[PDB]
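An overview of the molecular structure
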Amino acid sequence: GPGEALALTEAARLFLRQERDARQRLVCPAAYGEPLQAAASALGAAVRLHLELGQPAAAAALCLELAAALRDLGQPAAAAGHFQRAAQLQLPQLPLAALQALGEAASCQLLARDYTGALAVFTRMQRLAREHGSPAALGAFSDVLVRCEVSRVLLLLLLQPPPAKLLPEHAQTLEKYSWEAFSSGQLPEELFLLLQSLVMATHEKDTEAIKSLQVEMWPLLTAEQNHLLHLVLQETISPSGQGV
Amino acid sequence: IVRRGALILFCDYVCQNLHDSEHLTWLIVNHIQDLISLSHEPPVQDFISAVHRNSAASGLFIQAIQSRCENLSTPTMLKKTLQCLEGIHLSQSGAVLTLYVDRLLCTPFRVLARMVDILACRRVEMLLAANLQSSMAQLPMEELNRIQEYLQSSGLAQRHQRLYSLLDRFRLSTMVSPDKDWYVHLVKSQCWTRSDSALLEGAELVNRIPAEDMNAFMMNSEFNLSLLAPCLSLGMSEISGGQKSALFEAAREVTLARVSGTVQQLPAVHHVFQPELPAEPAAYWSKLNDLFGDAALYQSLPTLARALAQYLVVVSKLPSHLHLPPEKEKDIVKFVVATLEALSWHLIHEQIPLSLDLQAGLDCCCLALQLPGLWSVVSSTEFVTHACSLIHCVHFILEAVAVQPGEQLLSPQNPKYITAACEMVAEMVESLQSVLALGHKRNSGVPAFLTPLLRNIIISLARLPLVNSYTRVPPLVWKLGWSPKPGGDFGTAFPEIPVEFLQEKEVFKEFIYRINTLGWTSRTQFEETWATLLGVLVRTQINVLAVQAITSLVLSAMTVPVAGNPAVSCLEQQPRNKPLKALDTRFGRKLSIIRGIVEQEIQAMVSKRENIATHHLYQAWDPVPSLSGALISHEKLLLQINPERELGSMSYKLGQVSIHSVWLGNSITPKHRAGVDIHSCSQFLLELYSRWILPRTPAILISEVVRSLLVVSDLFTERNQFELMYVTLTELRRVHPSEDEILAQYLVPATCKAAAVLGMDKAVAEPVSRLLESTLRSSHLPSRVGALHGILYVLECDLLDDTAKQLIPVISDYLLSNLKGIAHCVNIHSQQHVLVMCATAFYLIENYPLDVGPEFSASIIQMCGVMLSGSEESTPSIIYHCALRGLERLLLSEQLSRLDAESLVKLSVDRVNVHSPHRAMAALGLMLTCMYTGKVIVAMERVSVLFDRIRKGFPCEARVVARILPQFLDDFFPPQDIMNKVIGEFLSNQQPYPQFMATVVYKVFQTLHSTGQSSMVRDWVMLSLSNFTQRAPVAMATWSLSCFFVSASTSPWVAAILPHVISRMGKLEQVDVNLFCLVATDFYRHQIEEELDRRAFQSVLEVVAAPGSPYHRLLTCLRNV
Amino acid sequence: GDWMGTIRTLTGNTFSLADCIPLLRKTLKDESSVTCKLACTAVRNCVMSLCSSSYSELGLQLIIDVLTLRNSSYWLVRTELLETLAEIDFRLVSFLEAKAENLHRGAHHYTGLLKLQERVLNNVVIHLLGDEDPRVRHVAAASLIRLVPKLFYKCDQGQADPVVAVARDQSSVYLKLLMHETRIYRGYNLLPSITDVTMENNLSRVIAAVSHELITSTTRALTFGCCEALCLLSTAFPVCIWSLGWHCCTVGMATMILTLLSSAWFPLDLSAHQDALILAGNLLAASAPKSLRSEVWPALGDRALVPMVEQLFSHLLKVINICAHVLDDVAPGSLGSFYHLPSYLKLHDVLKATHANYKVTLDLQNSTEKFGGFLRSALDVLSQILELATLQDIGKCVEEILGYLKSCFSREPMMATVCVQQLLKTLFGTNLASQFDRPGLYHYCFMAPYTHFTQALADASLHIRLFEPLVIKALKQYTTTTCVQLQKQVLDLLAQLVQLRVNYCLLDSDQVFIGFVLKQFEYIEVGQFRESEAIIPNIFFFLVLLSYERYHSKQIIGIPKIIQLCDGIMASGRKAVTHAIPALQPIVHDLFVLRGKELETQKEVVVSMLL
């Protein structure tokens, strides 16, 4: 029963150790990686056993193990897939665990440079945090909300979706960073003011202001969000799609 | 707490004792900043409100803010200051406006500039509403003029135009020819600035300046150096196309000249940069505080480094005379070092430098350490201090970005800077596993645009002779009792680790990591590590490790560029599919262009950039040598690379080398590597393996040796080597019975590869079908995947059995049975299995369309059609792009009967309508191939879906569709059927990107003048009765009219100013009106001609009279003609 | 400044207090772990005083310096570091960080911020929850509990900036309002429970971090430590009171912990197993006044919880059965049956080993004993869960539960008695589920305390046959034991039996028990009862209850005799606080509130002794 699940997960863990050794620990530019497939098969069997026993949380934990291993080995997209698998397995009993898994999936999508996928996961996270986080979120959900908000603003400034294809969620967020009258939300005042200035500077095509804001916002953002802001500045100065 | 609470209490006391004003005056004048900081507190709120109800108190408030705005510059402090100034008493509407415009308007924080705009706008509205005798009193005569003069001298009247208009209202109440030199002056009006606003457009502009005076234009002290990297980039696109670019050559001379110029300002003797405190060593540091210490020069080093990196990233693919000369190389090296030092200097004095400047410096370092001319310089002994400064600055930047105070980078003669650099390079090399592993638990402090740069720089620096010998030693060996005496023309050459210090598994693992990460810098080092690994081999699990290290080391020789440099090189690939014959024709040569564009964009969007270090987008290249060898350009391998490896993935796959390349390069009718005798290693491993697996060898080592053989056979050169391989593997099949567990995975594909290389016959290579069929029926997939890889090896060019053809249905039924299940579910299944299955199926359909026919090659199209249409979650992106590219090769290859071919051309319409832009771009490529291969209203549907992609796509996808549209239009059907649509798409309101459609219209109009349609263009232009001049954004109306008349012009120098017009899509300044009048007049005189048409033109303007300026000034110009 | 100036005038030496901080820093980087632990102790002694001083930058530097000690290959350094970091006020550290500008760079000119609170909370305290030494894990959990109240988070609606948080901490002590003013189990709270929103946010973030480390735990030790920490938090911040901080009530973390309990290695670690049982019971109890109805477990209504409650109930019965087999030494071979389950058979092996080791030792003051602690915790959670049971759930189960208690009573008689009391509550239907039917620095410093003060000043002008052998065993153990907590619990059980209207002649036919209880008063008054302070209130409650009772309608004890016992305790002996006052409380309550003419003179006597 559960002892077979234990045997399987502890086999998969050693398999993942061996793949990490053969690939990263001792770099081998001659291996495509066999123990990763063995670990994937073992983890899948363990997940299915746990789902049969009525334990979606243990199966989601195994999916998280596999996803972290996949992201380690330089496979961000498959990692994001498995992270979202775990988040769905956890969702209607552990919203916070699912929000953590979805944040991992969004980080993995940003690693894979899948910016629309990361934007979609960030919006799903903000939605779920608003539904389960209670204006005045609980505080464990307020962290998720702050991260998803900053990341969504940065990703919408990077992508710049056209007004035609622009969801009501995206527009409702973007209009919040336009200013007309004396509001920060779950965001600290300084960061929120810098984000409003960033939105208004990328809209009015002010490169010098964007550079000043890039330097000012560096300590306030995570390195993931510093990457997003660097991409915004670079897409402003050197747009993608021109071929030169 | 006491300070703030006591101020709050005193404010609440003054709120109530308001009759006396000395405490109020004292509070204001002495604690204005505390009042503003605490303004959210109700007593302070009430105090500020009471200040607002007192003209003298409000004046004291403003006088105190004017003397304290220094610290009210912080975004929060300034927002609070504005919240306080908002309700200021009306009797001070002249003072607070003065403060607004003099101090608070020009803030780098744009939201506060907007707040100030609104509040000042209201202050003038109030001055206007209040009567005259007071409005003139608060705002004096010359004060209003000085406010307007500050707004106009600065560019502030243009960002805040409503404020300028309100001030104008208040004062009112209170009392050329389009020739070469005009174009040159107009360009100079935009490129002799210092602005990063329109770099691409400015590059397209300076490109048209004549070649005879282009190098003298980019070399003045006014030319924006921010343009050099675009000008190179654009210039590259005209050398990549095949022509000669004067833009690229001029920008290159200017870039190298400016690099030499700024290097000249460096001190003569160079000292190592050390961040501790560079003041003690010499007065050198005074000069380097004056050099890149100001901004006039520091703000030119990364701007020059961006240009230098743009140049250095393409010198690997340039004509020979466009490589950098040997005289500049030292220059360049010094520049690179200096740039990094500048960055490190900025880090020490003024916080993070700039995401762009950092990237530019690290790009220059990365790229310079990859060029041989520059490596050989910085690797020498005269440049030891420069290499030491490189190591010091890289370590410094990595710690300043990634290590918090209180943490360490790694978390569990002989000047001291030599030892420091050795230990720092070793530490950074160990950091490549955790801190600089993209997607590792410890890469979260690094922003991921520095991680590939830092990995590549660190490998390159760890290969320097100054630190290489030290770095190759594991630290677990320093923990033991090993310390010899080094000396190597530097003082740091260490003897390699003795094998007694390698018998432990941990030290050996660390040493293997070192040698695999760093590679080998020469044949000598390769031979040293070869002898070391052999002497380790000659114990529990050390043999597996040694065999894997040996095969890694020999695969290191396969990398086509810089023999064994991981930073520069990747494993050479020889794809099994061949160059398609549908191209190299008339319509195939146009599909080549239109699809190469989409391919560049798909590469920029989905490719894992494993062989690419810097950020530069259009850097894709494949490790495929000509073999007829230089590397084959990426645009000649359009649909050639093996369909089962991910886009941009460069690791080792079963199938790296095609059997055709075996039979061709080393002619084996069915010497050594780059500088290293790989034939001797080939024979040595062949003998040692053919004498190790047949005679108590444990299975866990049999598997590893067969794996190593399967890998190394990519290096075999002669037929007898493959013969020995096959005989050994057959005798091993006989010796080792059905018990494999892990042997079939490598036994079956090694057997099949060797059998295929030997011109497969029914003589000895007959019984491969038996174990092939036996292997497709297994319990674990790895063996079946190796079986499919062997199937591909054997299907390449080897007539199966030379008699019996049962193998093709044996394969095809496995394919058709195992693929059909994986279409409603692809994530739960293995990616590698699906990819090799589709690769097999596509190779069968293309090279064996005789045995396949009813069930295969038609249901496979169904597998792919149901995979391509799966949800973005259900179908991963690597499987999507594999299936799409395989379908595109099946389509472009004519090996299909025309009921699955057509069943494919109709598979493309559903896939452009997806949200994910990279899947959309892949679908667009598939659609373009369906169009160009199978070649009226269907083409109209296609052009309409193209315009819809422009209309509802992200700016990248839209820009790409707009770049490919003109060719597509003038390729598939005549201009009269589209010159309506395209114009309607440039003249619309739902169009999010008129600036792309402007270039589309321009290209269509200028391509009209091909066969003699230089008159249809003025006819379609005169069709501006209703469409044009009816555009509620009058600014957008005159902009689109100017763009349309630029596009519709037969005169040079006026058709060349379109990027100057597209650069200002709004911006209805007066120079824009003058440009519109000049351009419309140049269309009036030269084009119209018919005197009655002149009047049909003139009486289309005054319908929208607009006597202000957009059309009245034009009507005046036409009257002057 | 002034103190050092005075002392430098008097003595003459130019010693600066800013010269032992460099020595502490150097001593922390020492080669020896003994010296390292001693320097950590010195930092613990001085760091919070330094941060509150004009040398606060040096205190922040010392906090930065001690962080590297979490890697020590010596447990006592790690525990000293944990105890040092638990003393730090992170509202003050946040204030100092917000003021610092060149200290965020530290050495090597770091770009970015110190983020000391996040580093201390996640890289040290929660990281050392994964330590392989159980002692370090326990210290880390204790330090987490101490840290929760003083961890300033930004954009909190209670404290906008850290200055306001510090001001709150100061004002809550000295400006504490000078005012004043049917037995549910420890886990339930049928009240609004108005909690502090700032502490709610802190507890929410801490629980989220610990639950994340528990869900993604790839290590046995990390799982054990996170479970112990979450159990500690549910003790110090009860899920019933702090319902918002525990997510929600709690459907998810309860099923997560229950999955842990259905693992294959986790229940074999006795300490982590009992921590998990306590946590799961607490979480399932915190859902009472939102998930109760006024089928199986019919009083629940919220049916997402019924499977969790059923699973926990059956598991508790199985492990109490295992403990009963280990105590009544019987090898394994109808609801707590475990003979046909391998995981519970392995648990039986473990508990049998622990108890066989216990059977051959004589350490009666050993409190941390594993088998006794496990049985105590399991009985505790059974008693907590029984509050939600109605008779339908338990009426066909009570027989085997009582059989188990009869054998586990010899080992843990206090908790066996508690569980018998809960079973009597559920039988007679007296348990729960049967008886169920902007502000900153001016608000906190002056306005809210003054408003409370003036408002107070202005308002200042207005199936029983199955319980017989366990009850008999409890009474005999009372007559023979010296454990005061067991005697307190037996008196609670007897009081409950009397209030349930169970006849006293049924239990005390010879009046032997009250004979012994009154004979105890001799030693209580003489001062020869070792801990009588614990037993006296319960004795007097029981006697007051027995005064209402009728021995064949002839008074059993009587209020006058109780009053004489009380005044004999009072006028003869020592402190009235521990002895006389707690004896007068039951009499005062059950005489003035709950109560023709001799009652008046009894009240007169009580008022006289109160005076």
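Before any of the text, the structure's been laid out above.
As a convention, residue numbering begins from 1 on each chain and follows the written sequence, not necessarily the numbering found in the entry; residues with no coordinates do not appear. Chains and ligands are labelled by the order in which they are written, letters from A for the one and numbers from 1 for the other. Every figure reported here is calculated on the shown chains, themselves a piece of a larger assembly. Water and hydrogen atoms play no part in the side-chain values, which are based on all heavy atoms of the structure.

Attention now moves to the overall build of chain B. The secondary structure content of chain B amounts to 52 helices and 0 strands. Counting only C-alpha atoms and orienting by the principal axes, one finds that chain B spans roughly 115 × 85 × 60 Å. A burial count over chain B gives 60% of its 1121 residues as buried. Placing the 93 positive and 104 negative side-chain charges of chain B at their respective mean positions leaves the two points 2 Å apart. What counts as a helix is a DSSP run of H or I of at least four residues, what counts as a strand is a run of E of at least two, and both are numbered from the N terminus. Each residue is placed in one exposure class: buried if its accessible area under a 1.4 Å probe, protein chains only, is under 20% of its type's maximum, exposed if it is over 50%, and partly exposed if it falls in between. The charged-residue count follows a simple rule in which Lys and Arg add positive charge and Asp and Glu add negative charge, with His and chain termini not counted at all. Charge positions come from single atoms, namely NZ of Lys, CZ of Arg, CG of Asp or CD of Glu.

The secondary structure content of chain A amounts to 11 helices and 0 strands. Starting at the N terminus and ending at the C terminus, chain A contains elements arranged as α-α-α-α-α-α-α-α-α-α-α. Taking the principal axes of the C-alpha coordinates as reference, chain A spans close to 65 × 45 × 35 Å. Here the Shrake-Rupley method, with its probe set to 1.4 Å, supplies the accessible areas, and only the displayed protein chains count as covering residues. Per element, the accessible surface of chain A, about 8600 Å² overall, is 57% carbon and sulfur. Where the 18 positive side-chain charges of chain A centre and where its 24 negative ones centre are 6 Å apart.

This part is about the packing of aromatic side chains. Only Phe, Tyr and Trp rings take part, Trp by its six-membered ring, and two of them pair if their centres are within 6.5 Å. Stacked means planes under 30 degrees apart, edge-to-face means over 60, and tilted covers everything else. Considering all chains together, one arrives at 44 aromatic pairs over all chains under this definition. Taken together, a centroid distance of 6.4 Å and an interplanar angle of 25° make the contact between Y689(B) and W692(B) stacked. Taken individually, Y689(B) and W692(B) each receive the classification buried, so the pair is uniform in this respect. For the pair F521(C) and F540(C), a centre-to-centre distance of 5.4 Å together with 90° between the ring planes defines the contact as edge-to-face. Of this pair, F521(C) sits in helix α24 (residues 512-526) while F540(C) sits in helix α25 (residues 536-548), and the two are 19 residues apart along the sequence. Taken individually, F521(C) and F540(C) each receive the classification buried, so the pair is uniform in this respect.

Here we take up a nonpolar patch on the surface. Nonpolar side chains collect at one region of the surface, where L9(B), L177(C), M179(C), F446(C), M447(C), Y450(C), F453(C) and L457(C) lie side by side and expose about 780 Å² of accessible area between them. A total of 5 residues in the nonpolar patch trace back to one element, the largest contributor, which is helix α20 (residues 443-459) of chain C. You can see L177(C) is positioned in the loop between α9 (162-174) and α10 (197-215). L177(C) sits in the partly exposed class, given a relative accessible area of 39%. Patch members must show over 30% relative accessible area and no salt bridge, and they are joined within 9 Å when carrying like charges or within 5 Å when they are nonpolar side chains of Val, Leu, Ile, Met, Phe, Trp or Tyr. Whenever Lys or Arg places a side-chain nitrogen within 4 Å of a carboxyl oxygen from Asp or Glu, that contact is recorded as a salt bridge.

Nothing here speaks to function; it is geometry throughout.
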